[PDB]
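1. build me a model:
(one chain, ligands or ions: 1)
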Amino acid sequence: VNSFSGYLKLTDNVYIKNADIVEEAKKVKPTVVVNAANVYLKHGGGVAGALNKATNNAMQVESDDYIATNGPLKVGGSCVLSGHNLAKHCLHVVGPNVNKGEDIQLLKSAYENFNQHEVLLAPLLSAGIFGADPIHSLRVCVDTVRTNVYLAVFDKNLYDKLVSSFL
Ligand SMILES: O[C@H]1CC[C@H]2CCN(c3ncnc4[nH]ccc34)[C@H]21
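-> Residues are numbered from 1 along each chain as shown. Sharing the structure here:
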């Protein structure tokens, strides 16, 4: 039993809700919140900008030190950093950016990172400015993640569309 509330069960292990991931994190304080990151951990907009803003830029400061030490992430890769005031940990996951020409097959690799964590609060990867088809991303999530994932989709119209189209 956990403290997530109001989610639609999609499968044994995948849940979805029309909500701002930042507000879900503030409410639940999950062990792991997933950030929809880029390879440079530059948290400019979307989920990343919103999470970072909610940490008063502490996420960005930590991320800049990470990159200075380790270099960029791979597309499809991830790193575990602090969750600051929002969660115990933040799993920064890089989905492919189809507008950069990046291989959509890497979306499956991106979701595989979730399997290293028993429970996660997460956004829909490669949605928004990364340009992937959100229905496909949800299908990849359900077909790839085996651990318990609570998906927060802030855009109401998108949430409604994903729920009615799921195959
Ligand atoms: O709405 C979905 C569909 C478009 C994506 C880009 C932003 N986003 C978010 N998802 C969840 N929480 C969020 N907080 C702030 C943004 C945000 C996604």
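
2. flag every residue of this structure that's near the ligand.
-> 20-22, 46-47, 50, 123-124, 127-128, 152-155, 158 (Cβ under 6 Å from any ligand atom). Heads up, the C-betas are built off the backbone N, CA and C, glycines and all.

3. most neighbours among those residues, please name it.
-> Neighbour count (other Cβ atoms under 10 Å) singles out residue 124 as the most crowded of the residues of the chain next to the ligand, with 28 neighbours.

4. what ranges does the protein have for its helices?
-> For the chain, the helices defined by DSSP state H cover 21-28, 46-54, 58-70, 106-112, 134-144, 156-165.

5. would you turn those helices into a markdown table with distance to residue 4?
-> A markdown table is the format used below for the helices of the chain (distance: least, Cβ to Cβ, whole Å):
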| stretch | distance to residue 4 |
| --- | --- |
| helix 21-28 | 6 |
| helix 46-54 | 17 |
| helix 58-70 | 22 |
| helix 106-112 | 19 |
| helix 134-144 | 16 |
| helix 156-165 | 15 |
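
6. and the gap between the nearest residue to residue 76 once chain neighbours are set aside and the ligand?
-> Spatially, and ignoring its direct neighbours in sequence, residue 76 is nearest to residue 109 (3.4 Å; Cβ to Cβ, 6 or more residues apart in numbering). For residue 109, the distance to the ligand equals 20 Å [Cβ to the nearest ligand atom, to the nearest Å].

7. what about residue 109, distance to residue 18?
-> Taking Cβ to Cβ, to the nearest Å as the measure, residue 109 falls 27 Å from residue 18.

8. against residue 33, how distant is the residue of the chain found nearest the ligand?
-> In the chain, no residue comes nearer to the ligand than residue 128, which is 2.7 Å away by Cβ to the nearest ligand atom. In this structure, residue 128 and residue 33 are separated by 16 Å, where distance is defined by Cβ to Cβ.

9. what's the answer for residue 95, then?
-> Remark: distance between residue 95 and residue 33 (Cβ to Cβ) = 16 Å.

10. equivalent analysis for residue 48, please.
-> On the measure of Cβ to Cβ, residue 48 and residue 33 end up 11 Å apart.

11. with residue 148 instead?
-> In this structure, residue 148 lies at 14 Å from residue 33, with Cβ to Cβ as the measure.
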